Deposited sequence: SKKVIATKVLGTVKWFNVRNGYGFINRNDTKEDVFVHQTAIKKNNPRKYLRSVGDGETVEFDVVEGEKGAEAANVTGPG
């Protein structure tokens, strides 16, 4: 998957642990980006609604998606 942007900050809109995905609102563009549980760095791979996260934006098979999702430090 092609990297489109790196070191992007965003706010978690919601993340559903039953379905394994959610959306992050990018702080730089105000657009939502899909996030799958497997894209979150070390339950073990989850983020919380309302938290600020840092991530890359990549081109998945269905459009842009988050990758390498971590805390901002």
Where the deposited sequence has no C-alpha coordinates (positions from 1, in order): 1, 44-48
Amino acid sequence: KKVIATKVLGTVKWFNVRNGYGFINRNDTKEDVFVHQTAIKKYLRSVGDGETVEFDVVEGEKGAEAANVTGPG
From here on, numbers count along this sequence of modelled residues.
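Between two forms, the rigid core is the largest collection of C-alphas that superpose within 1.5 Å.
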I'd like to know which segment deviates more from the shown structure in 6 other deposited structures of this protein: 14-22 or 55-63, using C-alpha RMS over all structures and residues after a core fit. 55-63
Return whichever of 54-62 and 7-15 has the greater mean Cα B factor according to the PDB record. 54-62
Check where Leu44 lands among this chain's C-alpha B-factors and tell me if it's the lowest, middle or highest third. highest
Which third of the chain holds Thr38 when residues are ordered by C-alpha B factor: lowest, middle or highest? highest
